[PDB]
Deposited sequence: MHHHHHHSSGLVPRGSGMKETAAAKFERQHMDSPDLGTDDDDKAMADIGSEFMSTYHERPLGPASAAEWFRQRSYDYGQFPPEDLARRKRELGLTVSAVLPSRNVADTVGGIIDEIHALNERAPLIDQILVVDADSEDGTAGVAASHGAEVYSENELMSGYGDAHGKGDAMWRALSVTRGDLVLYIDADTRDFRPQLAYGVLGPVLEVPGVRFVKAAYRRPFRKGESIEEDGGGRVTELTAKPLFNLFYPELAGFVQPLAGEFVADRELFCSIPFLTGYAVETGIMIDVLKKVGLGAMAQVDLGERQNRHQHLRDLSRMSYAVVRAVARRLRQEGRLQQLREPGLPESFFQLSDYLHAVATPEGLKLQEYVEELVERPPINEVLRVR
């Protein structure tokens, strides 16, 4: 493969500039591949309509996306109606794989989407992007279509001068990756919502639910296809919606848990619970967040079970 993250970063980082969409459209036509775009959507009424439009506008210049799926979290904001009125196929995350009960977050929606994706290639895109430029859809298709061994491509980009990701990327994922999965240290936006791979690949790895899904997918793909078969594409600028630091804390915990879970199955981490530690202190699903408030110090408690879905291949009608 590649001797280092440095070597990979050399050979496997592209620019959307290198993949004009008419070329891709042509190449895609030649290969007879179809693409499904999947938009995990939760209260994005104000933005999905615009994204669906832009993908349609792009398909006019260059036929690249055959299916547009909005997988809705039963948003209270009318998201589903909005996406439907703009021409996307819309599904409820709770109606897909209904045998699994209600969806546990973004990861669960993304997994369940596989049950109705018809494309040879599955392309995930975030539904909340404000100013959606067309390369936020087609850029990552470049290397899958054009570079021989590449099976999985993640987006790279910058906040509208040097961007190393949002807070969770910078302070959680990158430090955890550098230490535990150094092979992934080369990725500019390892937690990006926009990335693409063949449907068969996604269908044959498990999916962490909740916010841990990207982290889990990075690790699982790395292990399945190898570093040389992953790539990234600079896509330019991408405005993302800032979250409250306090909520990001919970996301950071999900990323930690995903890494910890994987380390444990590799055997690098054993006896996760330190001996001598009374069981009462031990409950992974129980996140304690101590804060200071105008009226005193408080201990907030969040409970999120780390639910993991099996490779959908194993659980879905063949």
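Comparing the deposited sequence with the modelled residues, the stretches lacking C-alpha coordinates are 1-61, 222-228, 387.
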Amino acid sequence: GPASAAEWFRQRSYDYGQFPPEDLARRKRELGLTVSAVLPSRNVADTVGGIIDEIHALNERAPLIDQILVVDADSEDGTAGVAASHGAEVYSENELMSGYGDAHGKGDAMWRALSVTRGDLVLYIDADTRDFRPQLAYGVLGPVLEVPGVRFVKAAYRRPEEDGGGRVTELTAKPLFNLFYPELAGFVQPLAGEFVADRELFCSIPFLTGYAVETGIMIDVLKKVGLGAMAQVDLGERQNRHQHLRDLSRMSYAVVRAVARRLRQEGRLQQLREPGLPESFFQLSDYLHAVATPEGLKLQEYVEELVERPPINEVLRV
From here on, numbers count along this sequence of modelled residues.
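For the two regions 103-111 and 222-230, the entry's Cα B-factors average higher over 222-230. Between 251-259 and 26-34, the higher mean Cα B-factor belongs to 26-34. Highest CA B-factor among the listed residues (199, 246, 154, 167): 246. The entry assigns its greatest Cα B factor, within the set 42, 268, 289, 61, to 61. Annotation for residue 122: C-alpha temperature factor in the lowest third relative to the rest of the modelled chain, per the entry. In the PDB entry, a CA B factor belonging to the lowest third of its chain's modelled residues is recorded for residue 175.
Placement of the Cα temperature factor of residue 280 within the chain: highest third of the modelled residues, per the deposited record. The PDB entry assigns residue 237 a C-alpha temperature factor belonging to the highest third of its chain's modelled residues. When the modelled residues of the chain are ordered by their C-alpha B factor, residue 132 lands in the highest third.
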